[PDB]
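**Q**
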Amino acid sequence: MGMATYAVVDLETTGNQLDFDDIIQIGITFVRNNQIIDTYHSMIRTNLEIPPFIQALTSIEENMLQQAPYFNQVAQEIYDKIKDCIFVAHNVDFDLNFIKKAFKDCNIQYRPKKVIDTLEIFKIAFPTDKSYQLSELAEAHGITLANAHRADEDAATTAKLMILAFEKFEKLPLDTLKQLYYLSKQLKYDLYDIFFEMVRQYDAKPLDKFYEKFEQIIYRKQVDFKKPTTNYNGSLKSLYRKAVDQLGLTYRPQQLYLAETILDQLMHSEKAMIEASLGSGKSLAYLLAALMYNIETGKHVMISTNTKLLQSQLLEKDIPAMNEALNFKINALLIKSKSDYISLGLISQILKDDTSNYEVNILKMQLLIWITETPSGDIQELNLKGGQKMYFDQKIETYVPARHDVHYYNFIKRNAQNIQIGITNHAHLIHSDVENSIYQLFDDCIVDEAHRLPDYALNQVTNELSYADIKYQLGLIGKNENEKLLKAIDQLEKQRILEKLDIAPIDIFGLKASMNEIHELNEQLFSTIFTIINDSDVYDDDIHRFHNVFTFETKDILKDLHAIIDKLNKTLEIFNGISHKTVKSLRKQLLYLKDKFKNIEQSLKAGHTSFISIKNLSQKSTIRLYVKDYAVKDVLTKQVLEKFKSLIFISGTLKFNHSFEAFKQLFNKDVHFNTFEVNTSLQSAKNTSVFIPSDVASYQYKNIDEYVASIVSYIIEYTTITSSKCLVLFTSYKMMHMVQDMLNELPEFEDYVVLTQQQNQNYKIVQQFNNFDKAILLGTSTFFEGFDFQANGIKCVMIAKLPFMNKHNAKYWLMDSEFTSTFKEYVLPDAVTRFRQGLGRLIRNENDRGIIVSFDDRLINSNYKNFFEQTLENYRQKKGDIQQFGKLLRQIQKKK
DNA sequence: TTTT
Numbered sequence: 002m003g004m005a006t007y008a009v010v011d012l013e014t015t016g017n018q019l020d021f022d023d024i025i026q027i028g029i030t031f032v033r034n035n036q037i038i039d040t041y042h043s044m045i046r047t048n049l050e051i052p053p054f055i056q057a058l059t060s061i062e063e064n065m066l067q068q069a070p071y072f073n074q075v076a077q078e079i080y081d082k083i084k085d086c087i088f089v090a091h092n093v094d095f096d097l098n099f100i101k102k103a104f105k106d107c108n109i110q111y112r113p114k115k116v117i118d119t120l121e122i123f124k125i126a127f128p129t130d131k132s133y134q135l136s137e138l139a140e141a142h143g144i145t146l147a148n149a150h151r152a153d154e155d156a157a158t159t160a161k162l163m164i165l166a167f168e169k170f171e172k173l174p175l176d177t178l179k180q181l182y183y184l185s186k187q188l189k190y191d192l193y194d195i196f197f198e199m200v201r202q203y204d205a206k207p208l209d210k211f212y213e214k215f216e217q218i219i220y221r222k223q224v225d226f227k228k229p230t231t232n233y234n235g236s237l238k239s240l241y242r243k244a245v246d247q248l249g250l251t252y253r254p255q256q257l258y259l260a261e262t263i264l265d266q267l268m269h270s271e272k273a274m275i276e277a278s279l280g281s282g283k284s285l286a287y288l289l290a291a292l293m294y295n296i297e298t299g300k301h302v303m304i305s306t307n308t309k310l311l312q313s314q315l316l317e318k319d320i321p322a323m324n325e326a327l328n329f330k331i332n333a334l335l336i337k338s339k340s341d342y343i344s345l346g347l348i349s350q351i352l353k354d355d356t357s358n359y360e361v362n363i364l365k366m367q368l369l370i371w372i373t374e375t376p377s378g379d380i381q382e383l384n385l386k387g388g389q390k391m392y393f394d395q396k397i398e399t400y401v402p403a404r405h406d407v408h409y410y411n412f413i414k415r416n417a418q419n420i421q422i423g424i425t426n427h428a429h430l431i432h433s434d435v436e437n438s439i440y441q442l443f444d445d446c447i448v449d450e451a452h453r454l455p456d457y458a459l460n461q462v463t464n465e466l467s468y469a470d471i472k473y474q475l476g477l478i479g480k481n482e483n484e485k486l487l488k489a490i491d492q493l494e495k496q497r498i499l500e501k502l503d504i505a506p507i508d509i510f511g512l513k514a515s516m517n518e519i520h521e522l523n524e525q526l527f528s529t530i531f532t533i534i535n536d537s538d539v540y541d542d543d544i545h546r547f548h549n550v551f552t553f554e555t556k557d558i559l560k561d562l563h564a565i566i567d568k569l570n571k572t573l574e575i576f577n578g579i580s581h582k583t584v585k586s587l588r589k590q591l592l593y594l595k596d597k598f599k600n601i602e603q604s605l606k607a608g609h610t611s612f613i614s615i616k617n618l619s620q621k622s623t624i625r626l627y628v629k630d631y632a633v634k635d636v637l638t639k640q641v642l643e644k645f646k647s648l649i650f651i652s653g654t655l656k657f658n659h660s661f662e663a664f665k666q667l668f669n670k671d672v673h674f675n676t677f678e679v680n681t682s683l684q685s686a687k688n689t690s691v692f693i694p695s696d697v698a699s700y701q702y703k704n705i706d707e708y709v710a711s712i713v714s715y716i717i718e719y720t721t722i723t724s725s726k727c728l729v730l731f732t733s734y735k736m737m738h739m740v741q742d743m744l745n746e747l748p749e750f751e752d753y754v755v756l757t758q759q760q761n762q763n764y765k766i767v768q769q770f771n772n773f774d775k776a777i778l779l780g781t782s783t784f785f786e787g788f789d790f791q792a793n794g795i796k797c798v799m800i801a802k803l804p805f806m807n808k809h810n811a812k813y814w815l816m817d818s819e820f821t822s823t824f825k826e827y828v829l830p831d832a833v834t835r836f837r838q839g840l841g842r843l844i845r846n847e848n849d850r851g852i853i854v855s856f857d858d859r860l861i862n863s864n865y866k867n868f869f870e871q872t873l874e875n876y877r878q879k880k881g882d883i884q885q886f887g888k889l890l891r892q893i894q895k896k897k
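Structure below.
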């Protein structure tokens, strides 16, 4: 057989409708022996108008197609070249179907014997990649993607990657065989044939990257860490000086003060709470103190972070920059929970047969290539999503490790002494000891943005019962004698009857009827909850994503739970006194469902706080039932305060009144802390200004109309006087939408793109400075923290209403029983921290200046005002009519 | 002494 030729094809069309759209460009790259041997390209002339969206996507104008030929002519020529070449494409259904139609209209029948989809190939070959879009993948692996949206590179770069895959597929022999068998169940795509060919023409050699292989899995032995550190033979003041000298920054004394305070607390066994508003310079101080602890006969130091942008900044930039200055690199690693790391239990996953799940099968193949390249084993390296994510999570939860299975989490424990600088996330920090046992070898930690630590605790303090999870679990068992597990049981009984296996009678009939009954019992449970939702008071969430019911009776819910648990138990009894693997599996799964119900039942019987969530008020299939199984003060103490010898709470906002007693009350044992305040406020306090309008009415949910009208009046005045950016932080989804509607209609906001907050993927923040430097009106609800305001002009932050929480918020519902005065001990402190957070979102560089506008009158006519005007002490305040506001803006703009 |  002559070696196969690959026709890697890409098409540009007038659209995505096969019956109505024409091919306007075709590109083909021919690959043989992992080398590009030839290319074909042709613009194709159509009589259809090219929609402007397609012209913008492909850069193909109509004038370019006037000298191009119609498909008929090229059709005859093209077919000859690809009629004996394996058809390849990225998402091959598109190209293959369009080419098949265009050939058919020319009386040509194209039926490529072998079809290949690169998208499958790239998923398997490149699992760790965050995207499989061609441009991002090509830049991902150093391929010159050049101009995108072209049938040329889309045929060339795909081919180059296809090559890179085939080049990558040169691994241990038996391994290629594993993927061959797996491929048989992937799709009509005959990539199994491709792997088979490689199996025949395979060249054998051994590698040492894998010192050994686990069972029938091969793995890249994890490279351990060393201890590279040179004593600075000096104090950190000198080190800070030496560093800033090479970094070429400024010698900010307050930044150094922070590093010294952190190091002092770390050197001793002292717990402390530091409040720092350093202008984006905390990262260096933190690491400097850690590596200084290191040089000073110090040990491993941990650092949790509320977001991950800071994590990367210090991990992918600051540490490298310090490496050259220090002349050595202190090994640093992103510490995660045990579940995050992968075990070699993949062999169990390999054994399981799931032909139906095209994804689960691809997951097996992806994991095989991944375990050969991953250096950490973090299961999150792969973008686990959809059924793949659901399956893996279930497997990782039901996994019973044994026989000295190698877990990549143990790597962290072995190199813990060498990693004296380790980073984590607040979410991981609060995880259970059984999942965070590495902390036993990490007794010093510095928490950043610890004001958010209570919020994370609230998320990891509840358990849930979702219709989807029960549906998936029930499906795993099966409904008929031809469905998954139930089918396996039928075969076992058939064998006992015919093959005369030495197995006790298996009542498949009873099991099927039993599982059907369990399904109806489940429907009754969610039907009961849905009836409660309709017969009870329902409160929408702020982001208007879900609707929650808090006050309800759990009587009927518990009755339905009891019945389903009992039926599940009876079903399990039928298969008691048994040992066959199939029935042992069925027993494990059934017991798993039984515990998913019995746990929630136990929590409701224990009097735990519970609430109902529903995503769509019409579909009972979106119902979730939450129960509070822990206390958040409890979690914050047992899992953080009592787990570290030297805790150090660092956050810009940590004090209500003028003490930290409010942040400290979130802990149980009254433990002595050290309070420090590095203000670093400097010019900011004066560069900034505050305005409290006196011509705005009292905020009332009764008539939000006049309030939003006043708010849009102020946005008008500001924007007409100074053509700069503006940021409004609302508390009402309704208010945010109401103002944006008005802003869009008003003619004054033409040439002023308004941006709003979306439930997920809030990337509109970038658009603020995306050529919209003089025209932006970002309206948000809960982004008071995590925003950088960079603008070439005056900055304005408008606080529509004080950031309070309603008594019907999940947070309040799960905290009211943990505070004597929730308002004075939780909601009020929270509002102050949230309000001051937005205030800090105005000034970041003292080079430029800005204004803050606050409309809520409570700041001047409420009893708790003192708490809020405490947050504006370093600022200068002015109250008056919009005209006073106009005069103010002009003065600041004309400050020249 | 809170809110759509």
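To convert, count from 1 in the first sequence and add 1; that's this note's numbering. Even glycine gets a Cβ: it sits at the ideal position worked out from N, Cα and C.
Look at residue 120 and residue 98 and say whether their C-beta atoms are less than 8 Å apart.
**A** Counting from 1 along the first sequence, the entry for residue 120 is found at position 119. Counting from 1 along the first sequence, the entry for residue 98 is found at position 97. No, Cβ-Cβ distance for residue 120 and residue 98 is not below 8 Å.
**Q** Are there 16 or more other CB atoms within 10 angstroms of the CB of residue 312, so buried, or fewer, so exposed?
**A** What you label residue 312 is simply residue 311 of the first sequence in a count that begins at 1. Per the 10 Å Cβ criterion, buried.
**Q** With DSSP collapsed to three states, give me the class of residue 300.
**A** Walking along the first sequence from the start, residue 300 turns up at place 299. Residue 300: coil per DSSP, three-state reduction.
**Q** If I'm right that residue 216 touches residue 348 with Cβ under 8 Å, what's the distance once you round it to whole angstroms?
**A** The residue given as residue 216 occupies position 215 in the first sequence. The residue given as residue 348 occupies position 347 in the first sequence. About 4 Å; that satisfies the 8 Å criterion.
**Q** Following the continuous alpha helix (DSSP H) through residue 537, name the residue where it begins and the one where it ends.
**A** Numbered from 1 along the first sequence, position 536 holds the residue referred to as residue 537. No alpha helix (DSSP H) contains residue 537, which DSSP labels as neither H nor E.
**Q** Terminal residues of the continuous beta strand (DSSP E) containing residue 13?
**A** Residue 13 sits at position 12 when you count from the first residue of the first sequence. 7–14 is the span of the beta strand (DSSP E), which, as asked, contains residue 13.
**Q** Taking DSSP's pairing of strands, which residues face residue 728 in a bridge?
**A** In the first sequence, counting from the first residue as 1, residue 728 sits at position 727. Per DSSP, 779 and 798.
**Q** I need the boundaries of the beta strand (DSSP E) containing residue 615, first residue and last residue.
**A** As a first step, residue 615 must be located in the first sequence, where it is residue number 614. Segment 611–615, the beta strand (DSSP E) holding residue 615.
**Q** Bridge partners for residue 464 per DSSP, in chain order?
**A** For the purposes of this step, residue 464 is taken as the residue at position 463 of the first sequence. In the DSSP output, where bridge partners are listed per residue, residue 464 has 628.
**Q** As an exercise, report each continuous beta strand (DSSP E) stretch of at least 3 residues that is fully enclosed by the region 793–862, in chain order.
**A** Within the region 793–862, the complete beta strand (DSSP E) runs of at least 3 residues are 796–800 and 851–855.
**Q** Among 648, 511 and 391, which has the Cα closest to the Cα of residue 569?
**A** Translated into the one-based positions of the first sequence, residue 569 becomes position 568. Minimum Cα distance to residue 569 is reached at 511.
**Q** Measuring CB to CB, does residue 123 end up less than 8 Å from residue 35?
**A** In the first sequence, residue 123 corresponds to position 122, counting from 1. In the first sequence, residue 35 corresponds to position 34, counting from 1. No, they are not a contact pair.
**Q** Return the CA-CA distance between residue 816 and residue 528, expressed in angstroms with no decimal places.
**A** Here the question's residue 816 lines up with position 815 in the first sequence. Here the question's residue 528 lines up with position 527 in the first sequence. Residue 816 and residue 528: Cα-Cα distance of roughly 29 Å.
**Q** Give the DSSP-derived three-state secondary structure of residue 641 in the structure shown.
**A** Reading the first sequence from its first residue, position 640 is the one you call residue 641. Helix at residue 641.
**Q** Would you give the residue range spanned by the alpha helix (DSSP H) that residue 739 belongs to?
**A** For the purposes of this step, residue 739 is taken as residue 738 along the first sequence, with counting starting at 1. Run containing residue 739: 734–746, per the alpha helix (DSSP H) assignment.
**Q** With which residues is residue 672 paired in a DSSP beta bridge?
**A** Reading the first sequence from its first residue, position 671 is the one you call residue 672. Residue 672 pairs with nothing; no bridge assigned.
**Q** Kindly list the residues whose CB is nearer than 6 Å to the CB of residue 292, restricted to its own chain and excluding five residues on each side of it in sequence; keep chain order.
**A** Along the first sequence, read from residue 1 onward, the residue named residue 292 stands at position 291. 331, listed in sequence order.
**Q** Among 301, 251, 245 and 117, which has the Cα closest to the Cα of residue 323?
**A** Working through the first sequence from its first residue, we reach residue 323 at position 322. When each option's Cα is compared against that of residue 323, the closest is 245.
**Q** Check the C-beta distance from residue 9 over to residue 199 and give it rounded, since I have them as a contact under 8 Å.
**A** Here residue 9 corresponds to residue number 8 of the first sequence, with the count starting at 1. Here residue 199 corresponds to residue number 198 of the first sequence, with the count starting at 1. About 18 Å; that fails the 8 Å criterion.
**Q** Hey, out of 641, 567, 597 and 850, whose CA is closest to residue 625's CA?
**A** The residue you call residue 625 lines up with position 624 of the first sequence. For residue 625, the nearest C-alpha among the options comes from 597.
**Q** Is the beta carbon of residue 360 less than 8 Å from the beta carbon of residue 387?
**A** As a first step, residue 360 is located in the first sequence; it is residue number 359 there, counting from the start. As a first step, residue 387 is located in the first sequence; it is residue number 386 there, counting from the start. Yes, Cβ-Cβ distance for residue 360 and residue 387 is below 8 Å.
**Q** Can you grab the Cα-Cα spacing for the pair residue 896 / residue 155, in whole Å?
**A** To locate residue 896, count along the first sequence from 1; it is residue 895. To locate residue 155, count along the first sequence from 1; it is residue 154. The straight-line gap from Cα to Cα measures roughly 54 Å.
**Q** For the alpha helix (DSSP H) containing residue 81, name the first residue and the last one.
**A** Sequence index remark: in the first sequence, residue 81 carries index 80 (1-based). Counting along the chain, the alpha helix (DSSP H) containing residue 81 begins and ends at 72–83.
**Q** Grab the span of the alpha helix (DSSP H) containing residue 417 for me, first residue to last.
**A** The sequence position of residue 417 within the first sequence is 416, counting from 1. Element bounds for residue 417: n/a, residue is neither H nor E.
**Q** Looking only at its chain, what residues have a beta carbon closer than 8 Å to the beta carbon of residue 857, apart from the 5 residues adjacent to it on each side?
**A** Here residue 857 refers to the residue found at position 856 when the first sequence is read from its first residue. Correct list, in chain order: 700, 800, 801, 802 and 803.
**Q** Taking residue 841 as the reference, which of 820, 873 and 828 has the closest Cα?
**A** On the first sequence, residue 841 is found 840 positions in, with the first residue counted as 1. Considering only alpha carbons, the answer is 873.
**Q** What did DSSP end up calling residue 548 once you bin it into helix, strand or coil?
**A** Taking the first residue of the first sequence as 1, we reach residue 548 at position 547. Strand.
**Q** Just grab the DSSP bridge partners of residue 90 for me.
**A** On the first sequence, position 89 is the one that residue 90 refers to. Answer is 118, bridged to residue 90.
**Q** Ordered along the chain, which non-local residues of its own chain (more than five positions away) have a Cβ less than 7 Å from that of residue 307?
**A** For this step, residue 307 is matched to residue 306 along the first sequence. Only 427, 449, 450 and 453 meet the Cβ criterion.
**Q** Can you tell me whether DSSP reads residue 790 as helix, strand or coil?
**A** Taking the first residue of the first sequence as position 1, residue 790 is located at position 789. DSSP places residue 790 in coil when its eight states are reduced to three.
**Q** Output the boundary residues of the beta strand (DSSP E) element that contains residue 754.
**A** Along the first sequence, one-based indexing puts residue 754 at 753. First-last of the beta strand (DSSP E) with residue 754: 754–757.
**Q** Between which residues of its own chain and residue 271 is the CB-CB distance below 7 Å, once the five residues before and five after are set aside?
**A** Position 270 of the first sequence, counted from the start, is the residue given in the question as residue 271. Hits under 7 Å: 647 and 675.
**Q** In the DSSP output, what is residue 895 paired with across the bridge?
**A** Taking the first sequence and counting its residues from 1, one reaches residue 895 at position 894. Answer is none; residue 895 lacks a bridge partner.
**Q** Using the Cα positions of residue 601 and residue 352, report the straight-line distance between them to the nearest angstrom.
**A** Mapped onto the first sequence, residue 601 falls at position 600. Mapped onto the first sequence, residue 352 falls at position 351. Cα to Cα, residue 601 sits roughly 32 Å from residue 352.
**Q** Among 698, 385, 883 and 549, which one has its Cα closest to the Cα of residue 128?
**A** Counted from its first residue, the first sequence places residue 128 at position 127. Of the listed residues, the one whose Cα sits closest to residue 128 is 385.
**Q** Measuring alpha carbon to alpha carbon, tell me which of 102, 116 and 117 ends up nearest residue 110.
**A** As a working mapping, residue 110 is identified with position 109 in the first sequence. Cα-wise, what sits closest to residue 110 is 102.
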